[PDB]
>>> print(open('coords04.tsv').read())   # TSV, C-alpha atoms and all ligand atoms
chain	number	residue	atom	x	y	z
O	6	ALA	CA	139.73	245.98	47.46
O	7	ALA	CA	140.83	249.27	45.78
O	8	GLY	CA	140.06	249.44	42.07
O	9	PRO	CA	139.92	245.78	40.90
O	10	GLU	CA	140.51	243.26	43.70
O	11	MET	CA	143.39	240.80	43.12
O	12	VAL	CA	143.77	237.05	43.72
O	13	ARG	CA	147.12	235.28	43.48
O	14	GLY	CA	148.38	237.60	40.75
O	15	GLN	CA	145.14	237.51	38.78
O	16	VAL	CA	142.41	240.15	38.76
O	17	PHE	CA	139.24	238.82	40.43
O	18	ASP	CA	136.93	241.73	39.79
O	19	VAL	CA	133.83	240.66	41.75
O	20	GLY	CA	132.92	244.26	42.52
O	21	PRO	CA	131.38	245.60	45.78
O	22	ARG	CA	128.66	243.04	46.57
O	23	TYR	CA	131.18	240.20	47.06
O	24	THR	CA	134.14	240.56	49.39
O	25	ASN	CA	136.58	238.76	51.69
O	26	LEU	CA	137.83	236.56	48.84
O	27	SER	CA	139.90	233.39	49.25
O	28	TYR	CA	141.53	231.24	46.55
O	29	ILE	CA	140.25	227.71	45.93
O	30	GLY	CA	141.72	226.53	42.62
O	31	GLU	CA	142.32	227.39	38.95
O	32	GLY	CA	142.56	225.40	35.72
O	33	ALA	CA	142.41	227.61	32.54
O	34	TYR	CA	139.60	230.14	32.13
O	35	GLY	CA	138.59	228.74	35.51
O	36	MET	CA	139.80	230.18	38.81
O	37	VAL	CA	137.53	229.67	41.81
O	38	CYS	CA	137.47	231.71	45.01
O	39	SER	CA	135.02	231.78	47.90
O	40	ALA	CA	133.75	235.25	48.75
O	41	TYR	CA	131.27	237.00	51.00
O	42	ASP	CA	127.89	237.95	49.50
O	43	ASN	CA	127.12	241.20	51.27
O	44	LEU	CA	123.57	241.04	50.06
O	45	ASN	CA	122.69	237.64	51.57
O	46	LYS	CA	125.35	237.62	54.25
O	47	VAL	CA	126.71	234.28	53.14
O	48	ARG	CA	130.09	233.26	51.72
O	49	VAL	CA	129.65	232.02	48.17
O	50	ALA	CA	131.72	230.41	45.46
O	51	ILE	CA	132.76	232.34	42.38
O	52	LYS	CA	134.41	231.16	39.17
O	53	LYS	CA	136.25	233.46	36.77
O	54	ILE	CA	136.22	232.39	33.11
O	55	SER	CA	137.55	233.97	29.90
O	56	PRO	CA	136.44	231.73	26.98
O	57	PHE	CA	135.98	234.36	24.27
O	58	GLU	CA	139.22	233.64	22.48
O	59	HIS	CA	138.12	230.07	21.79
O	60	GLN	CA	134.93	228.93	20.10
O	61	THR	CA	134.95	225.58	21.92
O	62	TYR	CA	135.18	227.04	25.41
O	63	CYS	CA	132.40	229.39	24.32
O	64	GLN	CA	130.23	226.36	23.58
O	65	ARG	CA	130.62	224.72	26.97
O	66	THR	CA	130.16	228.10	28.69
O	67	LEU	CA	127.01	229.03	26.77
O	68	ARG	CA	125.54	225.52	26.92
O	69	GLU	CA	126.13	225.07	30.65
O	70	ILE	CA	124.91	228.53	31.63
O	71	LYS	CA	121.69	227.99	29.69
O	72	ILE	CA	121.11	224.57	31.30
O	73	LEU	CA	121.98	225.74	34.81
O	74	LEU	CA	119.76	228.82	34.52
O	75	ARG	CA	116.85	226.82	33.08
O	76	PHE	CA	117.19	224.11	35.77
O	77	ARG	CA	115.74	224.63	39.25
O	78	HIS	CA	116.23	221.71	41.63
O	79	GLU	CA	117.44	221.13	45.21
O	80	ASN	CA	119.97	218.52	44.06
O	81	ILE	CA	121.47	220.50	41.18
O	82	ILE	CA	123.65	223.54	41.86
O	83	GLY	CA	122.09	226.81	40.75
O	84	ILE	CA	123.67	230.03	39.48
O	85	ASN	CA	123.01	232.74	42.08
O	86	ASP	CA	124.35	235.55	39.93
O	87	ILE	CA	126.69	236.32	37.02
O	88	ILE	CA	129.08	239.25	36.79
O	89	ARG	CA	130.30	240.71	33.51
O	90	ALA	CA	131.06	244.06	31.90
O	91	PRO	CA	128.12	246.29	30.87
O	92	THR	CA	129.20	246.14	27.24
O	93	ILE	CA	130.08	243.24	24.98
O	94	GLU	CA	133.12	245.30	23.99
O	95	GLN	CA	134.25	245.51	27.59
O	96	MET	CA	133.34	241.96	28.51
O	97	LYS	CA	136.54	239.94	28.71
O	98	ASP	CA	135.84	237.87	31.81
O	99	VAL	CA	132.71	236.37	33.31
O	100	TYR	CA	132.13	235.54	36.97
O	101	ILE	CA	129.48	233.00	37.92
O	102	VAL	CA	128.30	232.84	41.52
O	103	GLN	CA	126.96	229.70	43.18
O	104	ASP	CA	126.16	228.61	46.73
O	105	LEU	CA	129.24	227.71	48.71
O	106	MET	CA	129.51	223.96	49.00
O	107	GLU	CA	132.29	223.06	51.42
O	108	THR	CA	133.34	219.79	49.81
O	109	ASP	CA	132.42	217.05	47.30
O	110	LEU	CA	132.14	213.26	47.24
O	111	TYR	CA	135.65	212.80	45.80
O	112	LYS	CA	137.30	214.49	48.78
O	113	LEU	CA	134.91	212.90	51.24
O	114	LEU	CA	135.75	209.38	50.06
O	115	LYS	CA	139.50	209.99	50.06
O	116	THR	CA	139.24	210.47	53.83
O	117	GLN	CA	136.00	209.17	55.35
O	118	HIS	CA	134.23	205.80	55.27
O	119	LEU	CA	130.47	206.11	54.78
O	120	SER	CA	127.84	204.32	56.82
O	121	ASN	CA	125.16	202.51	54.79
O	122	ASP	CA	122.74	205.25	55.73
O	123	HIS	CA	124.93	207.94	54.20
O	124	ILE	CA	125.47	205.96	51.01
O	125	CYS	CA	121.68	205.49	50.81
O	126	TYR	CA	120.93	209.19	51.33
O	127	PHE	CA	123.69	210.25	48.96
O	128	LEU	CA	122.48	207.80	46.29
O	129	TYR	CA	118.90	208.94	46.79
O	130	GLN	CA	119.86	212.58	46.18
O	131	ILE	CA	122.03	211.70	43.18
O	132	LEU	CA	119.11	209.90	41.50
O	133	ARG	CA	116.56	212.47	42.64
O	134	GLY	CA	118.71	215.03	40.86
O	135	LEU	CA	119.27	212.84	37.82
O	136	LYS	CA	115.54	212.19	37.44
O	137	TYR	CA	115.04	215.95	36.99
O	138	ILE	CA	117.95	216.28	34.59
O	139	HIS	CA	116.66	213.41	32.47
O	140	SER	CA	113.09	214.71	32.62
O	141	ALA	CA	114.43	217.83	30.88
O	142	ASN	CA	115.77	215.62	28.06
O	143	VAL	CA	119.34	216.39	29.04
O	144	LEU	CA	122.25	214.01	29.70
O	145	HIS	CA	124.90	215.07	32.21
O	146	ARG	CA	127.55	212.78	30.76
O	147	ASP	CA	130.28	213.38	33.33
O	148	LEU	CA	128.93	212.13	36.63
O	149	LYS	CA	131.65	211.23	39.11
O	150	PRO	CA	132.35	211.87	42.83
O	151	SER	CA	134.15	215.18	42.24
O	152	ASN	CA	131.06	216.45	40.42
O	153	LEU	CA	128.77	215.92	43.42
O	154	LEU	CA	128.93	218.87	45.82
O	155	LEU	CA	128.25	218.42	49.51
O	156	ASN	CA	127.81	220.84	52.36
O	157	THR	CA	128.22	220.35	56.10
O	158	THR	CA	124.63	219.00	56.32
O	159	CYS	CA	124.90	216.12	53.83
O	160	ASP	CA	123.05	218.17	51.20
O	161	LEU	CA	124.15	216.91	47.77
O	162	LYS	CA	124.04	218.90	44.52
O	163	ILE	CA	125.14	217.75	41.07
O	164	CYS	CA	127.35	220.23	39.25
O	165	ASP	CA	129.55	220.59	36.17
O	166	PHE	CA	127.32	220.43	33.12
O	167	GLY	CA	130.18	221.35	30.79
O	168	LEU	CA	129.76	218.13	28.82
O	169	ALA	CA	125.98	217.90	29.06
O	170	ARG	CA	123.91	217.27	25.93
O	171	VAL	CA	120.23	217.19	24.91
O	172	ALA	CA	119.37	213.47	24.71
O	173	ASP	CA	119.52	212.03	21.20
O	174	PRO	CA	119.03	208.22	21.27
O	175	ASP	CA	118.57	207.88	17.49
O	176	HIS	CA	121.93	209.37	16.62
O	177	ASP	CA	123.85	207.41	19.26
O	178	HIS	CA	125.66	204.82	17.14
O	179	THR	CA	129.27	205.30	16.13
O	180	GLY	CA	132.32	203.20	15.26
O	181	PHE	CA	134.49	200.99	17.49
O	182	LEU	CA	137.26	202.82	19.36
O	183	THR	CA	135.53	206.20	19.01
O	184	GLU	CA	137.14	208.97	21.08
O	185	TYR	CA	135.34	210.26	24.17
O	186	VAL	CA	135.94	213.21	26.48
O	187	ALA	CA	134.13	212.15	29.68
O	188	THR	CA	136.14	210.94	32.67
O	189	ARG	CA	137.38	207.45	31.81
O	190	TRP	CA	136.57	205.44	34.98
O	191	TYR	CA	132.84	206.20	34.88
O	192	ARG	CA	132.31	205.62	31.15
O	193	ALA	CA	129.73	203.00	30.16
O	194	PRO	CA	131.04	199.99	28.20
O	195	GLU	CA	129.13	200.95	25.03
O	196	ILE	CA	131.16	204.16	24.77
O	197	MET	CA	134.26	202.14	23.88
O	198	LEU	CA	132.11	199.95	21.68
O	199	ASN	CA	129.49	201.81	19.65
O	200	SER	CA	127.83	204.63	21.55
O	201	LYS	CA	128.14	208.39	21.16
O	202	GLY	CA	126.80	208.61	24.71
O	203	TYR	CA	123.59	210.33	23.61
O	204	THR	CA	121.40	207.94	25.61
O	205	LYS	CA	120.15	208.33	29.19
O	206	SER	CA	121.50	204.92	30.17
O	207	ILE	CA	125.02	206.39	30.01
O	208	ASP	CA	124.41	208.42	33.19
O	209	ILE	CA	122.96	205.46	35.10
O	210	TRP	CA	126.16	203.52	34.51
O	211	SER	CA	128.18	206.39	35.99
O	212	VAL	CA	125.89	206.44	39.01
O	213	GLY	CA	126.50	202.71	39.37
O	214	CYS	CA	130.23	203.39	39.45
O	215	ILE	CA	129.75	206.05	42.11
O	216	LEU	CA	127.73	203.55	44.16
O	217	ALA	CA	130.42	200.89	44.03
O	218	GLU	CA	132.90	203.61	44.94
O	219	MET	CA	130.89	204.72	47.99
O	220	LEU	CA	130.80	201.09	49.08
O	221	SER	CA	134.55	200.61	49.02
O	222	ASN	CA	136.04	204.12	48.83
O	223	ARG	CA	137.93	202.94	45.74
O	224	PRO	CA	137.02	203.35	42.03
O	225	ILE	CA	135.54	200.07	40.78
O	226	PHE	CA	136.81	200.20	37.16
O	227	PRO	CA	140.03	202.28	37.28
O	228	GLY	CA	141.13	201.82	33.67
O	229	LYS	CA	144.57	203.13	32.70
O	230	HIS	CA	143.58	203.89	29.12
O	231	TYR	CA	140.76	203.49	26.59
O	232	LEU	CA	140.63	199.71	26.11
O	233	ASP	CA	141.90	199.02	29.64
O	234	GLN	CA	138.68	200.52	30.96
O	235	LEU	CA	136.76	197.83	29.05
O	236	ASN	CA	138.82	194.94	30.40
O	237	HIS	CA	138.23	196.32	33.88
O	238	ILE	CA	134.47	196.12	33.40
O	239	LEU	CA	134.54	192.67	31.82
O	240	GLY	CA	136.79	191.47	34.59
O	241	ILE	CA	133.95	191.87	37.06
O	242	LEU	CA	130.80	191.52	34.96
O	243	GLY	CA	132.36	188.74	32.94
O	244	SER	CA	131.95	188.01	29.26
O	245	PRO	CA	128.85	189.48	27.57
O	246	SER	CA	126.04	187.06	26.71
O	247	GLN	CA	125.09	186.06	23.19
O	248	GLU	CA	122.04	188.25	23.55
O	249	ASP	CA	123.99	191.37	24.58
O	250	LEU	CA	126.46	190.67	21.77
O	251	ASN	CA	123.71	190.11	19.20
O	252	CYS	CA	122.74	193.71	20.06
O	253	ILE	CA	126.17	195.12	19.21
O	254	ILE	CA	125.95	195.27	15.42
O	255	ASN	CA	129.11	197.28	14.82
O	256	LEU	CA	130.99	194.30	13.44
O	257	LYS	CA	134.37	195.45	14.75
O	258	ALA	CA	133.17	195.91	18.32
O	259	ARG	CA	131.51	192.50	18.36
O	260	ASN	CA	134.54	190.74	16.85
O	261	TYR	CA	136.79	192.34	19.45
O	262	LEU	CA	134.61	191.01	22.24
O	263	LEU	CA	134.56	187.54	20.67
O	264	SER	CA	138.37	187.49	20.39
O	265	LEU	CA	138.68	187.87	24.17
O	266	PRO	CA	139.19	184.90	26.48
O	267	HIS	CA	136.16	183.87	28.49
O	268	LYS	CA	135.83	185.58	31.86
O	269	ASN	CA	133.40	184.58	34.61
O	270	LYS	CA	131.35	187.05	36.61
O	271	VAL	CA	132.66	188.08	40.02
O	272	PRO	CA	129.89	188.18	42.65
O	273	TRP	CA	129.22	191.59	44.19
O	274	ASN	CA	128.90	190.21	47.70
O	275	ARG	CA	132.48	189.08	47.10
O	276	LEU	CA	133.63	192.49	45.94
O	277	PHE	CA	131.77	194.20	48.81
O	278	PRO	CA	131.25	191.79	51.76
O	279	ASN	CA	130.17	194.65	54.05
O	280	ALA	CA	127.61	195.92	51.55
O	281	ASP	CA	123.85	195.89	52.05
O	282	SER	CA	122.16	193.23	49.88
O	283	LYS	CA	119.55	195.65	48.54
O	284	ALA	CA	122.32	198.09	47.58
O	285	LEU	CA	124.26	195.42	45.71
O	286	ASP	CA	121.07	194.43	43.91
O	287	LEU	CA	120.56	198.00	42.67
O	288	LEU	CA	124.27	198.26	41.84
O	289	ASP	CA	123.90	195.16	39.69
O	290	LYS	CA	120.98	196.65	37.78
O	291	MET	CA	122.93	199.89	37.24
O	292	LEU	CA	126.15	198.22	36.13
O	293	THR	CA	124.37	196.17	33.48
O	294	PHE	CA	126.41	195.59	30.29
O	295	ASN	CA	123.48	196.01	27.88
O	296	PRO	CA	122.27	199.63	27.96
O	297	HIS	CA	118.77	198.54	26.99
O	298	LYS	CA	118.59	196.23	30.02
O	299	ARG	CA	120.10	198.78	32.39
O	300	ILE	CA	117.70	200.08	35.06
O	301	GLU	CA	116.21	203.58	34.52
O	302	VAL	CA	116.48	206.48	36.97
O	303	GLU	CA	112.84	206.24	38.10
O	304	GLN	CA	113.09	202.46	38.49
O	305	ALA	CA	116.23	203.04	40.52
O	306	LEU	CA	114.46	205.45	42.82
O	307	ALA	CA	111.65	202.96	43.32
O	308	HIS	CA	114.10	200.20	44.26
O	309	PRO	CA	113.76	198.64	47.78
O	310	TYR	CA	117.17	199.96	48.76
O	311	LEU	CA	115.79	203.51	48.60
O	312	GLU	CA	112.50	202.57	50.25
O	313	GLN	CA	112.85	204.94	53.16
O	314	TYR	CA	113.25	207.96	50.86
O	315	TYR	CA	111.18	207.14	47.82
O	316	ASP	CA	108.41	209.68	47.26
O	317	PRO	CA	107.44	210.38	43.62
O	318	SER	CA	105.36	213.37	44.59
O	319	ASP	CA	108.56	214.74	46.16
O	320	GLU	CA	110.81	214.05	43.21
O	321	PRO	CA	110.10	216.85	40.68
O	322	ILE	CA	110.58	216.81	36.92
O	323	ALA	CA	111.38	219.69	34.58
O	324	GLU	CA	108.62	222.05	33.52
O	325	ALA	CA	110.27	222.79	30.22
O	326	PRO	CA	112.32	219.93	28.66
O	327	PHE	CA	115.44	221.25	26.91
O	328	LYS	CA	116.07	222.24	23.30
O	329	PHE	CA	119.43	223.61	22.16
O	330	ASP	CA	118.67	225.83	19.16
O	331	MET	CA	122.37	226.24	18.32
O	332	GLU	CA	122.92	222.51	18.60
O	333	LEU	CA	126.01	221.01	16.89
O	334	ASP	CA	128.82	223.49	17.62
O	335	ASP	CA	128.71	225.27	14.24
O	336	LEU	CA	128.79	228.87	15.61
O	337	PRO	CA	131.73	231.36	15.42
O	338	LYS	CA	133.09	232.67	18.73
O	339	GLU	CA	131.63	236.06	17.75
O	340	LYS	CA	128.03	234.90	17.67
O	341	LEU	CA	128.67	232.88	20.81
O	342	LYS	CA	129.90	235.94	22.68
O	343	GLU	CA	126.67	237.76	21.84
O	344	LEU	CA	124.60	234.83	23.11
O	345	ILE	CA	126.55	234.60	26.36
O	346	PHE	CA	126.26	238.37	26.75
O	347	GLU	CA	122.53	238.02	26.10
O	348	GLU	CA	122.13	234.99	28.36
O	349	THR	CA	123.80	236.74	31.33
O	350	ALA	CA	121.91	240.03	30.87
O	351	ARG	CA	119.27	239.22	33.49
O	352	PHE	CA	121.78	239.66	36.29
O	353	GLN	CA	122.83	243.08	35.08
O	354	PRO	CA	122.33	245.94	37.57
O	355	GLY	CA	121.60	248.15	34.56
T	401	LIG	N1	129.41	225.63	44.45
T	401	LIG	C1	130.71	225.42	44.56
T	401	LIG	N2	131.23	225.46	45.79
T	401	LIG	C2	132.56	225.26	45.92
T	401	LIG	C3	133.40	225.00	44.78
T	401	LIG	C4	132.73	224.97	43.48
T	401	LIG	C5	133.46	224.73	42.25
T	401	LIG	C6	133.43	225.54	40.99
T	401	LIG	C7	132.54	226.60	40.60
T	401	LIG	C8	131.88	226.55	39.33
T	401	LIG	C9	130.99	227.57	38.92
T	401	LIG	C10	130.73	228.66	39.77
T	401	LIG	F1	129.88	229.62	39.37
T	401	LIG	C11	131.37	228.75	41.03
T	401	LIG	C12	132.26	227.73	41.44
T	401	LIG	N3	134.29	224.94	40.05
T	401	LIG	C13	134.74	223.87	40.75
T	401	LIG	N4	134.34	223.61	42.04
T	401	LIG	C14	134.74	222.44	42.90
T	401	LIG	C15	133.86	221.21	42.51
T	401	LIG	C16	134.23	219.95	43.32
T	401	LIG	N5	135.71	219.64	43.28
T	401	LIG	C17	136.66	220.78	43.56
T	401	LIG	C18	136.26	222.09	42.81
T	401	LIG	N6	131.37	225.19	43.43
>>> encode(input="coords04.tsv", output="structure tokens", more="lines below")
Ligand SMILES: Nc1nccc(-c2c(-c3ccc(F)cc3)ncn2C2CCNCC2)n1
Amino acid sequence: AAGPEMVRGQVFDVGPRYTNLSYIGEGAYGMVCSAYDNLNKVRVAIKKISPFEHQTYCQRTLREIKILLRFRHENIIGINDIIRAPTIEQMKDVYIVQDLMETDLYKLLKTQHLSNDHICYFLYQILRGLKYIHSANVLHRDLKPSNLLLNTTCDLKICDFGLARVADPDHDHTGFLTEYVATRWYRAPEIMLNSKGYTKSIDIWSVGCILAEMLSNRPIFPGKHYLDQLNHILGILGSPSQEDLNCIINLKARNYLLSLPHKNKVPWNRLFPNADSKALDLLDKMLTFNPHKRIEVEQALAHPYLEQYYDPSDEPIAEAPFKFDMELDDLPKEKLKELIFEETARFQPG
């Protein structure tokens, strides 16, 4: 495509190697197009981003590239290549290339009903991927159907680590009604109560939500706003026990819970009468109110529902658990640009 190829009025400079573009979507420094990788003879997915004007966007870009490049797993999308100018001065945009995944669980569910065998396989892959992520001491933090890529062969890959953090269980407590950025419907109850979401159990809850969703094609706790989300959860799980309340020390959070009328638990087999009993048993253990009593990823994999797939020797863990040296977003966009430039250097044809 002549000098710089063009896509819907925007320059999509993916050089020679990648051709036959095609628009897919675009929300900010994020326009995605599928192209043809002349080198591997396969159409890929490419995302154009320009986060250098804003320090924040530089943080999510740096952080996610590092994670995604460090991670190597069959159930986590990998970066196949990264395009950028040869000089930091000339680098305005950055193109990241990933395998082309036709669809995702969000689109699948808004059209198809899944058999129990597909839900099982999908769940297996989700957890197989999460076990690796967690083994690297990283928390995804934004797991939801739209963040689970799927190809024509049922192959599932977790993507979107823009909100991922290095686990930090000790510094997880915060006040009641503390703002959160992760997608509302899949947020664990403790996030609206006292958690910063720096604990692994936060991802398991999201997976539990995805499970319920696969079972009924509808989001289980579709809260309209912050506190609505919580009443949605309590509506089905019912009022928290004394025990689980005695854990919540943040006085305000506990008093809020106590002020609420008593609500009984709604049986799962009632919510999902077509569901498989083993599935609903694992769902129960995932959607546990108390984070400390919530099942772990490895325990989930070893659950009877996933019996036909479970194979610990075939469920790899990270070789090098993560450590974010520039942890805590205190870096100017300048320094961040140098790090991104440096992090993407390995793909340079120079
Ligand atoms: N692998 C793949 N395949 C198809 C689409 C996407 C993709 C990208 C993206 C990100 C980084 C990158 F380097 C290349 C593409 N951003 C959003 N989505 C989709 C993710 C699921 N819902 C609709 C948009 N990713």
>>> residues_near_ligand(input="coords04.tsv", ligand="ligand LIG 401 (chain T)", cutoff="9 Å", atoms="all atoms listed in the file", output="number ranges by chain")
O: 29-31, 35-39, 49-53, 82-87, 100-112, 150-156, 162, 164-165
>>> closest_atom_pairs(input="coords04.tsv", of="range 150-191 of chain O", to="range 285-304 of chain O", cutoff="12 Å", atoms="all atoms listed in the file", output="JSON lines")
{"residue": "O:174", "atom": "CA", "partner": "O:297", "partner_atom": "CA", "distance": 11.2}
{"residue": "O:177", "atom": "CA", "partner": "O:296", "partner_atom": "CA", "distance": 11.8}
{"residue": "O:191", "atom": "CA", "partner": "O:292", "partner_atom": "CA", "distance": 10.5}
>>> residues_around(input="coords04.tsv", residues="residue 46 in chain O", least_positions_apart="5", cutoff="10 Å", atoms="all atoms listed in the file", output="PyMOL selection string")
chain O and resi 22-23+41
>>> closest_atom_pairs(input="coords04.tsv", of="range 148-262 of chain O", to="range 333-338 of chain O", cutoff="12 Å", atoms="only C-alpha atoms", output="JSON lines")
{"residue": "O:170", "atom": "CA", "partner": "O:333", "partner_atom": "CA", "distance": 10.0}
{"residue": "O:171", "atom": "CA", "partner": "O:333", "partner_atom": "CA", "distance": 10.6}
{"residue": "O:173", "atom": "CA", "partner": "O:333", "partner_atom": "CA", "distance": 11.9}
>>> residues_near_point(input="coords04.tsv", point="(135.0, 201.3, 22.1)", cutoff="9 Å", atoms="all atoms listed in the file", output="ChimeraX atom specification")
/O:180-184,194-200,231-232,235,258
>>> residues_around(input="coords04.tsv", residues="range 266-274 of chain O", least_positions_apart="3", cutoff="10 Å", atoms="all atoms listed in the file", output="PyMOL selection string")
chain O and resi 217+236+239-245+262-263+277-282+285-286+288-289
>>> axis_aligned_box(input="coords04.tsv", around="range 285-293 of chain O", padding_each_side="4 Å", output="JSON")
{"center_x": 123.4, "center_y": 197.2, "center_z": 39.6, "size_x": 13.6, "size_y": 13.5, "size_z": 20.2}
>>> closest_residue(input="coords04.tsv", among="O:190, O:57, O:210, O:28", to="residue 224 in chain O", atoms="only C-alpha atoms")
O:190
>>> residues_around(input="coords04.tsv", residues="residue 322 in chain O", least_positions_apart="2", cutoff="10 Å", atoms="all atoms listed in the file", output="MDAnalysis selection string")
chainID O and resid 76:78 133:141 317:320 324:326
>>> atom_distance(input="coords04.tsv", atom1="CA of residue 54 in chain O", atom2="CA of residue 342 in chain O")
12.7 Å
>>> atom_distance(input="coords04.tsv", atom1="CA of residue 124 in chain O", atom2="CA of residue 276 in chain O")
16.5 Å
>>> residues_near_point(input="coords04.tsv", point="(131.7, 215.8, 30.3)", cutoff="10 Å", atoms="only C-alpha atoms", output="PDB file with C-alpha atoms, in the frame of the given file")
ATOM      1  CA  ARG O  65     130.620 224.720  26.970  1.00  0.00           C
ATOM      2  CA  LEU O 144     122.250 214.010  29.700  1.00  0.00           C
ATOM      3  CA  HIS O 145     124.900 215.070  32.210  1.00  0.00           C
ATOM      4  CA  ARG O 146     127.550 212.780  30.760  1.00  0.00           C
ATOM      5  CA  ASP O 147     130.280 213.380  33.330  1.00  0.00           C
ATOM      6  CA  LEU O 148     128.930 212.130  36.630  1.00  0.00           C
ATOM      7  CA  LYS O 149     131.650 211.230  39.110  1.00  0.00           C
ATOM      8  CA  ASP O 165     129.550 220.590  36.170  1.00  0.00           C
ATOM      9  CA  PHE O 166     127.320 220.430  33.120  1.00  0.00           C
ATOM     10  CA  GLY O 167     130.180 221.350  30.790  1.00  0.00           C
ATOM     11  CA  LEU O 168     129.760 218.130  28.820  1.00  0.00           C
ATOM     12  CA  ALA O 169     125.980 217.900  29.060  1.00  0.00           C
ATOM     13  CA  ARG O 170     123.910 217.270  25.930  1.00  0.00           C
ATOM     14  CA  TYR O 185     135.340 210.260  24.170  1.00  0.00           C
ATOM     15  CA  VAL O 186     135.940 213.210  26.480  1.00  0.00           C
ATOM     16  CA  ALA O 187     134.130 212.150  29.680  1.00  0.00           C
ATOM     17  CA  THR O 188     136.140 210.940  32.670  1.00  0.00           C
TER      18      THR O 188
END
>>> atom_distance(input="coords04.tsv", atom1="CA of residue 203 in chain O", atom2="CA of residue 172 in chain O")
5.4 Å
>>> closest_residue(input="coords04.tsv", among="O:261, O:125, O:306, O:221", to="residue 209 in chain O", atoms="only C-alpha atoms")
O:306
>>> closest_residue(input="coords04.tsv", among="O:122, O:192, O:201, O:332", to="residue 238 in chain O", atoms="only C-alpha atoms")
O:192
>>> residues_around(input="coords04.tsv", residues="residue 55 in chain O", least_positions_apart="5", cutoff="7 Å", atoms="all atoms listed in the file", output="list in words")
residues 34, 97, 98 and 99 of chain O
>>> decode(input="coords04.tsv", residues="range 265-283 of chain O", atoms="C-alpha atoms", output="mmCIF file, in the first residue's frame")
data_model
loop_
_atom_site.group_PDB
_atom_site.id
_atom_site.type_symbol
_atom_site.label_atom_id
_atom_site.label_comp_id
_atom_site.auth_asym_id
_atom_site.auth_seq_id
_atom_site.Cartn_x
_atom_site.Cartn_y
_atom_site.Cartn_z
ATOM 1 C CA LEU O 265 -29.117 -4.959 55.209
ATOM 2 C CA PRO O 266 -32.252 -7.081 55.506
ATOM 3 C CA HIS O 267 -31.669 -10.810 55.777
ATOM 4 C CA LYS O 268 -31.551 -12.639 52.454
ATOM 5 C CA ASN O 269 -31.606 -16.419 52.027
ATOM 6 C CA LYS O 270 -29.359 -18.301 49.641
ATOM 7 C CA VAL O 271 -30.788 -19.266 46.252
ATOM 8 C CA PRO O 272 -29.849 -22.826 45.261
ATOM 9 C CA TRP O 273 -27.724 -23.153 42.131
ATOM 10 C CA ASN O 274 -29.698 -26.102 40.800
ATOM 11 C CA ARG O 275 -32.588 -23.623 40.876
ATOM 12 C CA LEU O 276 -30.676 -20.953 39.001
ATOM 13 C CA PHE O 277 -29.364 -23.510 36.485
ATOM 14 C CA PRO O 278 -31.679 -26.577 36.292
ATOM 15 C CA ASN O 279 -29.918 -27.852 33.148
ATOM 16 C CA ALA O 280 -26.490 -27.575 34.752
ATOM 17 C CA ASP O 281 -24.213 -30.497 35.576
ATOM 18 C CA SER O 282 -24.067 -31.146 39.348
ATOM 19 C CA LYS O 283 -20.263 -31.272 39.409
#
